[PDB]
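Residue numbers begin at 1 in each chain, while the letters A, B, ... track the order of the sequences. Side-chain atoms are counted along with the backbone in the values below, which use heavy atoms only and exclude waters and symmetry mates.
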Amino acid sequence: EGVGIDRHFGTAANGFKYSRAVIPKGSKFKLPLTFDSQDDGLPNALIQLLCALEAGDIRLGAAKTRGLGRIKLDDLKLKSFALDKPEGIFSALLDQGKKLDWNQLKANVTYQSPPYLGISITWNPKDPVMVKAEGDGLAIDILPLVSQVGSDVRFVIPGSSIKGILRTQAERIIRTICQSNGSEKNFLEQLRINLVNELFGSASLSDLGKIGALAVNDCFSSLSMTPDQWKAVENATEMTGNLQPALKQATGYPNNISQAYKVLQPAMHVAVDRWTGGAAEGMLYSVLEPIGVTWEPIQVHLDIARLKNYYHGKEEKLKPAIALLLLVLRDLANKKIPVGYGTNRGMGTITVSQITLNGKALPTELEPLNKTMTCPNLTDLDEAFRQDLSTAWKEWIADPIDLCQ
RNA sequence: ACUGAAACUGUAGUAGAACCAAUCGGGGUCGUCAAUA
């Protein structure tokens, strides 16, 4: 379940709620391929495809840029049937085929990806980070969103949520540089801005629709629980009753309520009447704050090949988009982009320990992007490269034209 | 005053793009209570 956020008011935009059903993570299906060869080999591009599948490079289904679609291949087997020959036709009828060791061919050619920049952000909650679960619990009103991950459940920040906060910061930077106001515009108008329509995409309305060059994974917690352990928390009726067993079990500290609550902490909030100083009862609510939930690194994928198609192959246009992306990562590392629920209400600030920039087949001028950063201000990037980007950025600022012509 | 035969409705096409489940709220605090005879 999700919602668009109005860029002026900062609140759920009216008419922009959405729901999506998803096959859970860790679900399996067969790779079900047959290839008819008309020559005595196996095609390079098909070997490259199988390498990409084993690398996890291919996305499937909807919401590819906004949380979903990542698949990886395992147990790859190749069976050969020489249908040109009697032994191979009867093998096809009877014998289940000549086995190929994939490890031989996979070693015997270099894997080539299309251009992309991986961004892996190692982060920790500086203050509790959760997405809200849509249903109130019984003991706890506001519960973390969990998702099934294999046979377990994990806490999740959907890549929809991280995408939207990053898009919001991108759009805010551009509108500042232009001193452009989105107060009058409607939500769809508020989103249409230059350089963000390519990094994040534009809705397909009849067409300015574009898929985002930038894709964000669902980020799951390093903590996991059995499904019935989390149901025990969801069903818990009493915060100091059966919730304490349930939270002790789920956090993995069944005999230490202290260590359990250093991971998942129940928190009461009360609104105080200004005239009387009384708890404005009925305005009491409770949050299960994931104060000590550890999270896997945020995986962001910039499809550099997608940007090139938008900019018509000329990589000089890439530099203003790359510049914006680095300016957004500078804000993400400086705690300026809180994530999830309750960001003005004591949650959502993150530490960024490390940004790993992992470009495959990058052009030589963006090759300085292949870096692991630990300064939040990106000074691990070569100053000549950052000045190079800074110049192309400043030129675009002077004429904030639509690169995409 | 003699049944035609034989012929794969297939071939190419990702149900997808876009959308932050979010906004506000100190876990807080002081005057009685009761109605008869």
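- Atom pair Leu205(A):CG and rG16(B):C1' shows a separation of 15 Å (rounding to whole Å applied).
- In this structure, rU23(B) shows a glycosidic angle more than 90 degrees from zero, which is the anti conformation.
- Rounded to whole Å, the P atom of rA17(B) lies 15 Å from the corresponding atom of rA21(B).
- Separating the P atom of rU23(B) from that of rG27(B) is a span of 16 Å, rounded to the nearest Å.
- Whole-Å rounding puts the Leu60(A) CG to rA17(B) P distance at 11 Å.
- A donor-acceptor contact under 3.5 Å is not formed by the side chain of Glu281(A) with the base of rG28(B).
- Ring geometry, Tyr116(A) versus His301(A): the interplanar angle falls from 30° to 60°, so the pair is classed tilted.
- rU11(B) and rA15(B): their P atoms are spaced 16 Å apart (whole Å).
- For the pair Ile58(A) and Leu49(A), the minimum side-chain heavy-atom distance is below 4.5 Å.
- Distance, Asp141(A) CG to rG27(B) P: 13 Å, rounded to whole Å.
- In summary, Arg154(A) and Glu296(A) do not engage in a salt bridge, as defined by a charged side-chain N under 4.0 Å from a carboxylate O.
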Quiz prompt | Footprint string (nucleotides 18-26 of chain B, 5' to 3'): B base within contact, S backbone only, - free, heavy atoms under 4.0 Å | solution = SBBBBBBBB
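- In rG25(B), the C1'-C2'-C3'-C4' torsion is negative, which places the sugar in the south family.
- Evaluation of the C1'-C2'-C3'-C4' torsion of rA15(B) gives a negative value and hence a south sugar.
- Annotated stems with RNA chain B as a participant are lacking; only runs of 3 or more Watson-Crick or G-U pairs under 3.5 Å would qualify.
- For the strand neighbours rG31(B) and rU32(B), base stacking is absent under the 5.5 Å centre-distance and 30-degree plane-angle rule.
- Between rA17(B) and its strand neighbour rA18(B) the base rings stack, satisfying centres under 5.5 Å and planes under 30°.
- A positive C1'-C2'-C3'-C4' dihedral is found for the sugar of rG16(B), placing it in the north range.
- Side chain to side chain, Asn334(A) and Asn377(A) meet the donor-acceptor criterion of an N or O pair below 3.5 Å.
- Using a 90° window around 0 for the glycosidic torsion, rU32(B) falls inside it and is classed as syn.
- By the rule that a glycosidic angle within 90° of 0 means syn, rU14(B) counts as syn.
- Judged by the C1'-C2'-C3'-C4' torsion, which is positive here, the sugar of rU32(B) sits on the north, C3'-endo side.
- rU32(B) and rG28(B) have their P atoms separated by 25 Å, given to the nearest Å.
- A syn orientation is assigned to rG26(B), its glycosidic angle lying within 90° of 0.
- You'll find the side chain of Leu327(A) reaches within 4.5 Å of the side chain of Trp393(A), heavy atoms only.
- Residues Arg192(A) and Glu189(A) are not paired through a salt bridge, judged by the lack of any N-O separation under 4.0 Å between the basic side chain and the carboxylate.
- Side-chain contact annotation: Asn124(A) with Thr351(A), donor-acceptor N/O pair under 3.5 Å present.
- You'll find the side chain of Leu381(A) reaches within 4.5 Å of the side chain of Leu357(A), heavy atoms only.
- Checked by atom type, the side-chain pair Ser183(A)/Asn181(A) shows a donor-acceptor distance below 3.5 Å.
- Going by the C1'-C2'-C3'-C4' torsion, the sugar of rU11(B) sits on the north side, since that angle is positive.
- The shortest distance between side-chain heavy atoms of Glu316(A) and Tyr311(A) does not fall below 4.5 Å.
- With a 5.5 Å centre cut-off and a 30° plane cut-off, the bases of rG10(B) and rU11(B) come out stacked.
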